[PDB]
Amino acid sequence: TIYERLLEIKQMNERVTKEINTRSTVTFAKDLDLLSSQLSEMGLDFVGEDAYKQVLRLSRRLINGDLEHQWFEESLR
Amino acid sequence: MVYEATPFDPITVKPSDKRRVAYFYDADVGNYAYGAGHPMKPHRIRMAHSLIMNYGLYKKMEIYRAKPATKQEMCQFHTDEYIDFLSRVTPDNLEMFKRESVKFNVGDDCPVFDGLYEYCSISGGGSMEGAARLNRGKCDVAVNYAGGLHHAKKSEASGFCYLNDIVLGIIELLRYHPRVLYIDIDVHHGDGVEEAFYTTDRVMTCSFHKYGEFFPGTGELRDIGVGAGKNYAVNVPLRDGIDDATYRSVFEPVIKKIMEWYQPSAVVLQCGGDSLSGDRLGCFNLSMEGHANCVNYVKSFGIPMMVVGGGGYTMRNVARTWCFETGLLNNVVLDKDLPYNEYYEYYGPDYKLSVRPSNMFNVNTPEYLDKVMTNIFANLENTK
Amino acid sequence: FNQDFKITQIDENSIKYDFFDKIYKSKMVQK
Amino acid sequence: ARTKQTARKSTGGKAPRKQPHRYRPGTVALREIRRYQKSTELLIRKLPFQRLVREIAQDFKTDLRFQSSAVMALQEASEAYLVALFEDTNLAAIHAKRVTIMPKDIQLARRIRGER
Amino acid sequence: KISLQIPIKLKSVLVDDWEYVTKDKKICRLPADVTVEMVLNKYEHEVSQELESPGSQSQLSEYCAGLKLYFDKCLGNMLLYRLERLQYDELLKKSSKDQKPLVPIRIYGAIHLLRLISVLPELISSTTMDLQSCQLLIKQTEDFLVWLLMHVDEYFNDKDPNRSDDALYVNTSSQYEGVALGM
Amino acid sequence: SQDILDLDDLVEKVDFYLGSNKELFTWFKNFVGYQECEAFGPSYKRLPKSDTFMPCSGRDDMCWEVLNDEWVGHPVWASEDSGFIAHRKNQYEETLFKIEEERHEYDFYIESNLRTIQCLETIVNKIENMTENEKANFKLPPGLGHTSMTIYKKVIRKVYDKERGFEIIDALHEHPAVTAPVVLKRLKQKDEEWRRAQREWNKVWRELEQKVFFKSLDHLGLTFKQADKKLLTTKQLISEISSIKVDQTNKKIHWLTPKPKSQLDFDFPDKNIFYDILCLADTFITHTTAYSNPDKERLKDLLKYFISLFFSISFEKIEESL
Amino acid sequence: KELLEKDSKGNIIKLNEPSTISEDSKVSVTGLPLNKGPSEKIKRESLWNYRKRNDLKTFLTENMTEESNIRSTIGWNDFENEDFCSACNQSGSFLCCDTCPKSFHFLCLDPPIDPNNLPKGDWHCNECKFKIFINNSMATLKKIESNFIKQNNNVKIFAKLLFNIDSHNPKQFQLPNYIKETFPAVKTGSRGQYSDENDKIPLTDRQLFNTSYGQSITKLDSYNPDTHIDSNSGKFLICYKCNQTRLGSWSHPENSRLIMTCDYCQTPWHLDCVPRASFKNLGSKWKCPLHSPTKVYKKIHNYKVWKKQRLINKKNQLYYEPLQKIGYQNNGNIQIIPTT
Amino acid sequence: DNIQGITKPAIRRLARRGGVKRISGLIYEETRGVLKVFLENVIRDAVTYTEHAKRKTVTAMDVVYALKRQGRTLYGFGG
Ligand SMILES: [Zn+2]
Ligand SMILES: [Zn+2]
Ligand SMILES: [Zn+2]
Ligand SMILES: [Zn+2]
Ligand SMILES: [Zn+2]
């Protein structure tokens, strides 16, 4: 069960990594600060890192208790 | 052995299929509102239109303001008493029409707002002028999002629909075209349009709808038409959460078989936005690509078509999918970065064109859709 | 009048004989 | 001609739209007089009581959390108040050659108690 | 206590009528190809020659005429469901349009006569009628009922309105449904 | 056999009875002699010719030919008088719908008022550039020369009083010279105040949308935790393998004489995922407190030894990868 | 309040603004007026934290829009009355009796009253009108009954029946009990409508709208494997056509095929083996394809119809055994006996 | 409606503890109103006291404090 759940993440890891890395935000939202600020405030954003490795690190933090369940779910979603 | 599980191919336009596109928009349509707590909002029309203007799509098409329909022209399908009641009822004199309120199903689930007659006139005029421009050859694609009221019937208002403008448009198409195919990708069944053209072979009404205990309840697979209209009303019952690949692998074979079997001369395409994921009343899981793939696939046949926008009760998603569908009819693919419009605050948090599908269960199994498409294909053998 | 809605008590073998009889009748009258 | 509307619906079909041994009366009653008099537990189910306090305090100040011991203090106090008032009512009844407390018997008690 | 021995075939016909009106939402074709007078006249012309007693002939004609008068005076009161009262209203307005009073004898079919027969014992028990008249009226109604079994295939037929225009029942419209059961 | 059921429906009933038995249903299919209309459907019924005759003034001969007026359907008839089942939506979806509802309210009111301001300012700039001798008898038609006849009426009836809105509309129709500029000024003031309130509300709507939207689009994930608690148990995992075995044994007696020697099939194409699960398990061992440290270390080499022994991975590779 | 201040010659001078504050603060859908913005009480949970360019191309449309009128059809082509009707026992718009606490539907009366052509002054019911007619006349009720019997000498036996129904208020026709008790399957609905064995028990609102998000009566929004397992036996519900139960695995829930049971013989069917998309939660009871029909149409080559006889209670139902075994023309209404 | 949560059998239990053998039926709904108005007196004072401490939560100490004011002291919950 764990290996299937992680294999679903890893088999699509390259396309979700390329999608997150090539996330071109629109201009009027940057000029009028309409985007989410907190999203990256907690560093949840999977930018600059491999998506599957960031999933592993986030799940390790969630297991260790330093990460809330809701923020982990929000970052994954 | 009819249904094939195929992944959703990316949307590609055909450069050899350039169409003269006519756009029908009356700036007033949006200033009408069903109610305070009501899901249907004509305001979705003008934020869709604001996305057309701000994408610079008006340089590849002609924008028209159709003349609003008069009383009689509405009576080409509806009765005199129903149009007379619609043109006279207001929220003020609702107590003066109580028998007609329950007779014509107006007052609950189809409320009386004081711009009702004008809204219906705009919708019917847009549909009829799009059909007329298709008849004279002035355009190849007629776009009218002001209408789409496919639930309205001869003497009643149902499903937030009062004037069945699609029947008026198909009537105007039938004066110059022998066979008109109506395609309904709205999540609800096109009961008004199918009921109107149930007994005729001149109009084939195809509806891709959710059929459960869902509105309007009509739309069983065995509903194939009676009399001379037998096997000329294709109903495709679907379950919840159909995704883009599943909807494509259902839609494209059925519409292709209708194209090479029924051979229509004009196409009416109901682009209900309630087939999108995240709709207030809809229960499908279509992204904007999945919704627009039907419009792009029906565009490939070259038949003079009338794109008419129907449902859609979350305004942002239906506006974005109508803008993408309209851009697809000009043989361009709009970039997934929304321009600045006056309603830019709706499309958060990413402010992009895309409508993201939900991660809910695609319960439409391949065996069920295989049986559905097998019976549909078997019924279509008599339409040559 | 309770005799109008009398339910016939039939058996499996009689149904078998009747079905065979009537299919043979139909097949050979059309033949 | 007086008329009234009751359907309250402008249109019909709203649902199809898109939007054996038996004791004598009183013996069991006296038995559980004895049961609820020898007992000390709290007779108004708690949750329901707590709620009574939330919807009624709301008026004096919104967002007023209540220490648990508090809603238990309100219960105790309320049950003590009502058992005292009900002893008095039974008296205000046994006064009028009767054995059935009635509303009037308690609109009076409270007048003599002076709580009105 | 007054009892009526209605045959279970006619009881099932009445129950099917209740099904068609309330559940299937079907009204009767009015005027029918066979009305109520037409049944109370053919029954009189059939059992008039069945015996040679002139007092019995007078009693039979008395029963038929009284049943006709009772049908006309009571159909608007208590003989038709809430769905058919709209059809009754349009019949009354159509009769008033051409200035002829509406008589239910020549309009309504034999199923409403069967309804009157079925509801008849409650009406008998609600009036100060002596035992002899009640017994003889029940006997005459029972004889008419057992006459109806011999002609149950020509007055109460089974036909789908969706397939035959000559069915005894018709399908209704949504506007009729709204006006009948919405106000 | 009673000359009641037709051969076609008998063949259909036997097909529903003996469909999977292909050999038997063929014996019958032919033992019987079946050789391969009026299908109305369940959701349409035919009106009589009396209900068809209703006046539609706009219909010509073609309209009377191609339009169906006898066969009708209704949602109440298709519901069997019971009703319909709406699709269940999350509370995040409901509050997203409420945000959209408030957005629509503000935008509908503001844009209707702006359209009325545009029409009134056209009237005002028309009436400013003419003298006063004919300004007294200058009137305005219904609709104020606009394509709508009701939008300005809605705006006036909202902005002013309920009883005074009608008389202001009549004063604008009769004497627009005095009533037009004051109405335009009041509408512009209401427009700017509504727009300031709409911007202040737009901030709140945007922040709640950012808080709500991705949870709203999550359907299975909103209930995945209780579903995983309920369904990743011993009983359900036994039920899956037992159901697959029951299916195989049920279909064994019909066909597929080489009965398979397996029920569940698991594919393991990637080997790094084993190291990832081992790292997650090691993290849980390090974090937890309900297990003793000897029990912790025995859990560690038990997991490592089972992974190294079951699969092709060596212990050296596991140690060098974790 | 003197809106238009006309002059002595009738010329307009200046008008006064009416009460804007009369409805300037109406509650909108936001819960606050459109005049004001959001309050802090709702700003706390809406905002993430609370502390104590004009290049528009949307104005060019009016200019780029050309009217369109090229269609072929252009130009021209006391006491409170009840709240339930006294005749049908159903709610709706009523005409209230003045000197009587009963209320009647506008269509339920004899003759039915138009909802626009009402009685101008007072309206009494039939029972009330008979009461005023009796009280106005000096003679008693039995005197008028005897006079009506003697005057209507043509019919004697129905005369007492004719007299008493003028006093009865009009009521909706209902079948008497002895027509309904002979068929035990036939029931009566809440509105007096027909109901029988082919009708579901209506689902309460606790089941439809008072359920959790993931769990719905539709059984389509989540993977529910506790539907292939029989509740009272614990075995697997094997579908009749495919001879399998596709329970799924919760790691591939798309491999699970939905299964329902028949509402009559409890035969479990997959949703794909019989072509169905719904689960038949409310309305009529779902019938599996294996059951014999109670109504069939056959072609004459007009047509002929056959309906199965309704179920009759044991005191009035006769089961008889044929003497003739072969060729006995039964009406299609039969019973199967065990073969010995 | 939270008031109708004070159910009949509960009012019957209070009467039984109060020694009543036959409760009228109209008592039940009189005892609600009397109950409410009384709680609506304590809790009022309970909160005046609460918003004097600038506390937003109420305490059982404030409850017995409001009872002391009304007159009916309550022992067993502090103070
Ligand atoms: Zn729709
Ligand atoms: Zn009265
Ligand atoms: Zn009534
Ligand atoms: Zn199956
Ligand atoms: Zn079954």
# chains A, B, ... in the order shown; residues from 1 in each chain; ligands from 1

$ interface_residues --of "chain D" --to "chain E" --cutoff "9 Å" --atoms "only C-alpha atoms" --output "MDAnalysis selection string"
chainID D and resid 5 7 9:13

$ interface_residues --of "chain F" --to "chain C" --cutoff "9 Å" --atoms "only C-alpha atoms" --output "number ranges by chain"
F: 1-3, 31-33

$ interface_residues --of "chain E" --to "chain C" --cutoff "7 Å" --atoms "only C-alpha atoms" --output "VMD selection string"
chain E and resid 7 to 9

$ residues_near_ligand --ligand "ligand 1" --cutoff "12 Å" --atoms "only C-alpha atoms and all ligand atoms" --output "ChimeraX atom specification"
/B:39-40,148-152,158-161,184-192,207-210,214-216,270-276,279-284,309-314,318 /D:17-19

$ write_last_selection --atoms "C-alpha atoms" --output "compact mmCIF listing (two decimals), in the first residue's frame"
# COMPACT_ATOMS: atom_id res chain seq x y z
CA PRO B 39 -27.74 29.85 -9.08
CA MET B 40 -28.42 30.94 -12.67
CA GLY B 148 -28.84 28.01 -24.32
CA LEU B 149 -32.21 27.69 -22.61
CA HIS B 150 -32.68 24.03 -23.51
CA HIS B 151 -35.04 23.06 -20.79
CA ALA B 152 -37.88 25.41 -21.74
CA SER B 158 -38.29 24.58 -16.38
CA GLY B 159 -34.66 24.33 -15.31
CA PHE B 160 -34.05 28.12 -15.12
CA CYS B 161 -35.14 28.29 -18.78
CA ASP B 184 -25.98 18.99 -25.96
CA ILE B 185 -22.86 18.62 -23.80
CA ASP B 186 -24.71 20.18 -20.87
CA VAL B 187 -24.71 17.88 -17.83
CA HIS B 188 -28.51 18.06 -17.81
CA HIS B 189 -30.57 16.43 -20.54
CA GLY B 190 -31.82 18.70 -23.29
CA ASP B 191 -35.42 17.78 -22.58
CA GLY B 192 -37.02 20.81 -24.22
CA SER B 207 -27.54 14.81 -25.55
CA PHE B 208 -24.49 13.88 -23.45
CA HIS B 209 -25.93 14.21 -19.97
CA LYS B 210 -25.83 12.76 -16.50
CA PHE B 214 -30.89 14.08 -11.76
CA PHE B 215 -32.80 16.89 -13.42
CA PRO B 216 -34.83 16.60 -15.60
CA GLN B 270 -25.13 23.51 -26.62
CA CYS B 271 -22.05 24.43 -24.57
CA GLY B 272 -23.37 24.09 -21.06
CA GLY B 273 -20.70 25.09 -18.57
CA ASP B 274 -22.28 22.97 -15.85
CA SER B 275 -20.49 19.99 -17.38
CA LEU B 276 -17.31 21.48 -15.88
CA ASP B 279 -20.05 23.33 -10.77
CA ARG B 280 -22.75 24.19 -8.25
CA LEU B 281 -25.31 21.82 -9.76
CA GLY B 282 -23.26 19.74 -12.20
CA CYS B 283 -21.59 16.50 -11.16
CA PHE B 284 -19.05 15.95 -13.94
CA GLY B 309 -23.83 28.55 -24.56
CA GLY B 310 -26.20 27.03 -22.05
CA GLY B 311 -25.74 26.18 -18.39
CA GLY B 312 -22.86 26.89 -16.05
CA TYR B 313 -23.56 28.11 -12.54
CA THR B 314 -20.05 28.93 -11.35
CA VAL B 318 -18.07 28.88 -17.50
CA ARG D 17 -36.75 21.15 -9.99
CA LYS D 18 -33.14 22.15 -10.70
CA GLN D 19 -32.90 24.31 -7.58

$ interface_residues --of "chain G" --to "chain A" --cutoff "9 Å" --atoms "only C-alpha atoms" --output "PDB file with N, CA and C atoms, in the first residue's frame"
ATOM      1  N   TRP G  48      -6.376  35.908   6.034  1.00  0.00           N
ATOM      2  CA  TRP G  48      -5.384  35.024   6.636  1.00  0.00           C
ATOM      3  C   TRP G  48      -4.947  35.528   8.006  1.00  0.00           C
ATOM      4  N   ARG G  53      -3.604  47.422 -14.528  1.00  0.00           N
ATOM      5  CA  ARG G  53      -3.510  48.698 -15.225  1.00  0.00           C
ATOM      6  C   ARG G  53      -4.688  48.846 -16.188  1.00  0.00           C
ATOM      7  N   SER G 251      -6.763   0.070  -3.484  1.00  0.00           N
ATOM      8  CA  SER G 251      -5.611   0.618  -4.176  1.00  0.00           C
ATOM      9  C   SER G 251      -5.883   0.822  -5.653  1.00  0.00           C
TER      10      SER G 251
END

$ select_by_dssp --residues "segment 209-309 of chain B" --states "alpha helix (DSSP H)" --output "PyMOL selection string"
chain B and resi 244-262+288-299

$ write_last_selection --atoms "N, CA and C atoms" --output "compact mmCIF listing (two decimals), in the first residue's frame"
# COMPACT_ATOMS: atom_id res chain seq x y z
N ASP B 244 -11.80 14.03 -18.73
CA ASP B 244 -11.63 14.50 -20.10
C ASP B 244 -11.39 13.36 -21.07
N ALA B 245 -10.56 12.38 -20.69
CA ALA B 245 -10.29 11.25 -21.57
C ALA B 245 -11.53 10.39 -21.77
N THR B 246 -12.27 10.13 -20.69
CA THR B 246 -13.48 9.33 -20.77
C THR B 246 -14.56 10.04 -21.59
N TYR B 247 -14.74 11.34 -21.34
CA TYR B 247 -15.72 12.10 -22.10
C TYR B 247 -15.33 12.20 -23.57
N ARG B 248 -14.04 12.31 -23.86
CA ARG B 248 -13.60 12.35 -25.25
C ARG B 248 -13.85 11.02 -25.95
N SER B 249 -13.50 9.92 -25.29
CA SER B 249 -13.70 8.60 -25.87
C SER B 249 -15.17 8.20 -25.93
N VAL B 250 -16.06 8.90 -25.23
CA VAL B 250 -17.49 8.72 -25.44
C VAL B 250 -18.01 9.64 -26.54
N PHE B 251 -17.61 10.91 -26.51
CA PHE B 251 -18.17 11.93 -27.38
C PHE B 251 -17.75 11.74 -28.83
N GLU B 252 -16.45 11.55 -29.07
CA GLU B 252 -15.95 11.50 -30.44
C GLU B 252 -16.48 10.33 -31.27
N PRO B 253 -16.54 9.08 -30.78
CA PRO B 253 -17.16 8.03 -31.61
C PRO B 253 -18.64 8.25 -31.90
N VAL B 254 -19.41 8.72 -30.92
CA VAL B 254 -20.84 8.91 -31.12
C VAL B 254 -21.10 10.02 -32.14
N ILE B 255 -20.43 11.16 -31.97
CA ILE B 255 -20.62 12.28 -32.88
C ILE B 255 -20.06 11.95 -34.26
N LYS B 256 -18.98 11.18 -34.32
CA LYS B 256 -18.44 10.75 -35.61
C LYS B 256 -19.42 9.83 -36.34
N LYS B 257 -20.02 8.88 -35.62
CA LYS B 257 -20.99 7.98 -36.23
C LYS B 257 -22.23 8.73 -36.69
N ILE B 258 -22.66 9.72 -35.91
CA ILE B 258 -23.77 10.57 -36.32
C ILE B 258 -23.40 11.36 -37.57
N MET B 259 -22.17 11.87 -37.63
CA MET B 259 -21.72 12.65 -38.78
C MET B 259 -21.71 11.84 -40.06
N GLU B 260 -21.14 10.63 -40.03
CA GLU B 260 -21.10 9.81 -41.23
C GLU B 260 -22.36 8.98 -41.44
N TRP B 261 -23.34 9.05 -40.55
CA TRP B 261 -24.59 8.34 -40.75
C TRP B 261 -25.78 9.26 -40.95
N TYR B 262 -25.97 10.23 -40.05
CA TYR B 262 -27.08 11.17 -40.20
C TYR B 262 -26.81 12.20 -41.28
N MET B 288 -11.44 22.53 -18.59
CA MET B 288 -11.81 23.40 -19.69
C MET B 288 -11.33 22.81 -21.02
N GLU B 289 -10.20 22.11 -21.01
CA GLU B 289 -9.77 21.34 -22.17
C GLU B 289 -10.78 20.26 -22.54
N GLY B 290 -11.31 19.54 -21.54
CA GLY B 290 -12.28 18.50 -21.83
C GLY B 290 -13.59 19.05 -22.36
N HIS B 291 -14.01 20.21 -21.85
CA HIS B 291 -15.22 20.85 -22.35
C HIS B 291 -15.03 21.38 -23.76
N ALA B 292 -13.87 21.98 -24.04
CA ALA B 292 -13.61 22.59 -25.33
C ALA B 292 -13.20 21.59 -26.40
N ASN B 293 -12.82 20.37 -26.01
CA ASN B 293 -12.48 19.37 -27.01
C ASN B 293 -13.69 18.96 -27.83
N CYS B 294 -14.88 18.98 -27.23
CA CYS B 294 -16.10 18.71 -27.98
C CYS B 294 -16.34 19.77 -29.05
N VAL B 295 -16.12 21.04 -28.70
CA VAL B 295 -16.30 22.13 -29.65
C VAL B 295 -15.25 22.07 -30.75
N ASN B 296 -14.02 21.71 -30.39
CA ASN B 296 -12.97 21.61 -31.40
C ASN B 296 -13.19 20.41 -32.32
N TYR B 297 -13.73 19.31 -31.78
CA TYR B 297 -13.96 18.13 -32.60
C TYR B 297 -15.13 18.33 -33.54
N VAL B 298 -16.20 18.98 -33.07
CA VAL B 298 -17.31 19.27 -33.96
C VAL B 298 -16.95 20.34 -34.98
N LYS B 299 -15.92 21.15 -34.71
CA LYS B 299 -15.45 22.14 -35.67
C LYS B 299 -14.70 21.50 -36.83

$ residues_around --residues "segment 19-32 of chain H" --least-positions-apart "3" --cutoff "10 Å" --atoms "only C-alpha atoms" --output "number ranges by chain"
D: 25-30, 32-34, 36-37, 82-83, 85-91, 93-94, 98-107; H: 3-16, 35-38

$ write_last_selection --atoms "C-alpha atoms" --output "mmCIF file, in the first residue's frame"
data_model
loop_
_atom_site.group_PDB
_atom_site.id
_atom_site.type_symbol
_atom_site.label_atom_id
_atom_site.label_comp_id
_atom_site.auth_asym_id
_atom_site.auth_seq_id
_atom_site.Cartn_x
_atom_site.Cartn_y
_atom_site.Cartn_z
ATOM 1 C CA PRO D 25 -50.873 5.019 38.462
ATOM 2 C CA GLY D 26 -48.707 6.600 41.157
ATOM 3 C CA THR D 27 -46.924 3.618 42.750
ATOM 4 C CA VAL D 28 -44.086 3.743 40.212
ATOM 5 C CA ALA D 29 -44.241 7.529 40.609
ATOM 6 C CA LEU D 30 -43.620 7.286 44.374
ATOM 7 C CA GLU D 32 -38.970 7.045 41.648
ATOM 8 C CA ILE D 33 -39.747 9.878 44.036
ATOM 9 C CA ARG D 34 -37.641 7.739 46.357
ATOM 10 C CA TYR D 36 -34.579 10.699 42.617
ATOM 11 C CA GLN D 37 -34.613 11.799 46.256
ATOM 12 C CA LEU D 82 -36.185 24.212 40.310
ATOM 13 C CA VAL D 83 -36.267 21.550 43.030
ATOM 14 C CA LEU D 85 -39.551 25.844 43.412
ATOM 15 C CA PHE D 86 -41.135 22.423 42.904
ATOM 16 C CA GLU D 87 -41.250 21.640 46.574
ATOM 17 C CA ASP D 88 -43.097 24.926 46.988
ATOM 18 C CA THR D 89 -45.455 24.170 44.166
ATOM 19 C CA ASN D 90 -46.384 20.786 45.555
ATOM 20 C CA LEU D 91 -47.274 22.667 48.701
ATOM 21 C CA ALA D 93 -51.103 22.388 45.440
ATOM 22 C CA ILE D 94 -51.524 20.206 48.455
ATOM 23 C CA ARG D 98 -55.211 18.417 45.321
ATOM 24 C CA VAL D 99 -52.266 16.337 44.166
ATOM 25 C CA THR D 100 -51.334 17.725 40.752
ATOM 26 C CA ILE D 101 -49.070 20.658 40.255
ATOM 27 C CA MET D 102 -50.493 23.040 37.734
ATOM 28 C CA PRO D 103 -49.188 26.127 36.075
ATOM 29 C CA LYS D 104 -51.226 28.377 38.353
ATOM 30 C CA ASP D 105 -49.696 26.707 41.345
ATOM 31 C CA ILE D 106 -46.344 28.044 40.278
ATOM 32 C CA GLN D 107 -47.322 31.492 39.160
ATOM 33 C CA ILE H 3 -34.913 25.638 25.175
ATOM 34 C CA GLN H 4 -37.068 22.849 23.964
ATOM 35 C CA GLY H 5 -33.954 20.794 24.729
ATOM 36 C CA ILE H 6 -35.031 20.893 28.376
ATOM 37 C CA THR H 7 -37.221 17.913 27.770
ATOM 38 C CA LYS H 8 -40.399 16.797 29.429
ATOM 39 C CA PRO H 9 -39.044 13.749 31.123
ATOM 40 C CA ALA H 10 -36.301 16.020 32.491
ATOM 41 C CA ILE H 11 -38.878 18.410 33.957
ATOM 42 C CA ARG H 12 -40.646 15.314 35.285
ATOM 43 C CA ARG H 13 -37.372 14.228 36.918
ATOM 44 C CA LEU H 14 -37.055 17.663 38.524
ATOM 45 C CA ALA H 15 -40.624 17.330 39.815
ATOM 46 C CA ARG H 16 -39.917 13.895 41.159
ATOM 47 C CA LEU H 35 -36.005 28.476 33.841
ATOM 48 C CA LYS H 36 -34.925 30.709 31.010
ATOM 49 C CA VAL H 37 -35.660 33.983 32.718
ATOM 50 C CA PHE H 38 -33.712 32.808 35.794
#

$ residues_near_ligand --ligand "ligand 2" --cutoff "7 Å" --atoms "only C-alpha atoms and all ligand atoms" --output "ChimeraX atom specification"
/G:97-102,124-128

$ residues_near_ligand --ligand "ligand 3" --cutoff "7 Å" --atoms "only C-alpha atoms and all ligand atoms" --output "PyMOL selection string"
(chain E and resi 82) or (chain G and resi 85-90+104-105+107-108)

$ residues_near_ligand --ligand "ligand 4" --cutoff "9 Å" --atoms "only C-alpha atoms and all ligand atoms" --output "ChimeraX atom specification"
/G:238-246,257-259,268-274

$ write_last_selection --atoms "N, CA, C and O atoms" --output "short mmCIF file (atom, residue, chain, number, x, y, z; two decimals), in the first residue's frame"
data_model
loop_
_atom_site.label_atom_id
_atom_site.label_comp_id
_atom_site.auth_asym_id
_atom_site.auth_seq_id
_atom_site.Cartn_x
_atom_site.Cartn_y
_atom_site.Cartn_z
N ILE G 238 -22.90 -12.07 -5.49
CA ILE G 238 -22.47 -12.42 -6.83
C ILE G 238 -23.50 -11.89 -7.82
O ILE G 238 -24.68 -12.23 -7.73
N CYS G 239 -23.05 -11.07 -8.77
CA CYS G 239 -23.94 -10.56 -9.81
C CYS G 239 -24.42 -11.71 -10.68
O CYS G 239 -23.70 -12.68 -10.93
N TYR G 240 -25.67 -11.60 -11.15
CA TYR G 240 -26.29 -12.72 -11.83
C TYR G 240 -25.71 -12.93 -13.22
O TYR G 240 -25.46 -14.07 -13.63
N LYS G 241 -25.50 -11.85 -13.97
CA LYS G 241 -25.08 -12.00 -15.36
C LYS G 241 -23.60 -12.36 -15.48
O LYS G 241 -23.25 -13.33 -16.15
N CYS G 242 -22.73 -11.60 -14.82
CA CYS G 242 -21.30 -11.84 -14.97
C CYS G 242 -20.76 -12.92 -14.05
O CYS G 242 -19.61 -13.33 -14.22
N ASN G 243 -21.57 -13.39 -13.09
CA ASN G 243 -21.20 -14.43 -12.12
C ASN G 243 -19.96 -14.05 -11.32
O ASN G 243 -19.17 -14.92 -10.93
N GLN G 244 -19.78 -12.76 -11.06
CA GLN G 244 -18.63 -12.27 -10.33
C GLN G 244 -19.08 -11.15 -9.40
O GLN G 244 -20.13 -10.53 -9.60
N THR G 245 -18.27 -10.89 -8.38
CA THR G 245 -18.39 -9.70 -7.57
C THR G 245 -17.09 -8.91 -7.68
O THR G 245 -16.02 -9.38 -7.30
N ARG G 246 -17.18 -7.71 -8.27
CA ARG G 246 -16.01 -6.88 -8.49
C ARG G 246 -15.91 -5.92 -7.31
O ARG G 246 -16.35 -4.78 -7.35
N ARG G 257 -16.78 -2.65 -9.60
CA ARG G 257 -18.01 -2.41 -10.34
C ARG G 257 -19.17 -2.29 -9.35
O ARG G 257 -19.27 -3.10 -8.42
N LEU G 258 -20.01 -1.29 -9.55
CA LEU G 258 -21.12 -1.05 -8.65
C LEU G 258 -22.14 -2.17 -8.75
O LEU G 258 -22.42 -2.68 -9.84
N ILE G 259 -22.70 -2.55 -7.61
CA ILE G 259 -23.66 -3.64 -7.57
C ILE G 259 -24.88 -3.20 -6.77
O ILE G 259 -24.76 -2.51 -5.75
N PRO G 268 -28.73 -9.90 -6.89
CA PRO G 268 -27.77 -8.81 -7.06
C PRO G 268 -27.34 -8.68 -8.52
O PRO G 268 -27.05 -9.68 -9.18
N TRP G 269 -27.33 -7.44 -9.01
CA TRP G 269 -26.98 -7.14 -10.39
C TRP G 269 -25.92 -6.05 -10.40
O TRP G 269 -25.99 -5.10 -9.63
N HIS G 270 -24.93 -6.20 -11.28
CA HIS G 270 -23.99 -5.12 -11.51
C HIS G 270 -24.68 -3.98 -12.25
O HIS G 270 -25.65 -4.17 -12.98
N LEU G 271 -24.14 -2.77 -12.06
CA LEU G 271 -24.68 -1.61 -12.75
C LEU G 271 -24.38 -1.61 -14.24
O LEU G 271 -24.98 -0.82 -14.97
N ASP G 272 -23.45 -2.45 -14.70
CA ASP G 272 -23.08 -2.52 -16.10
C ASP G 272 -23.68 -3.72 -16.81
O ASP G 272 -23.84 -3.68 -18.04
N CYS G 273 -23.98 -4.79 -16.08
CA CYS G 273 -24.55 -5.98 -16.71
C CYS G 273 -25.98 -5.72 -17.17
O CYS G 273 -26.34 -6.06 -18.30
N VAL G 274 -26.79 -5.12 -16.32
CA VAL G 274 -28.01 -4.44 -16.74
C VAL G 274 -27.65 -2.98 -16.97
O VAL G 274 -27.03 -2.36 -16.09
#

$ residues_near_ligand --ligand "ligand 5" --cutoff "6 Å" --atoms "only C-alpha atoms and all ligand atoms" --output "ChimeraX atom specification"
/G:262,264-267,287-288,290
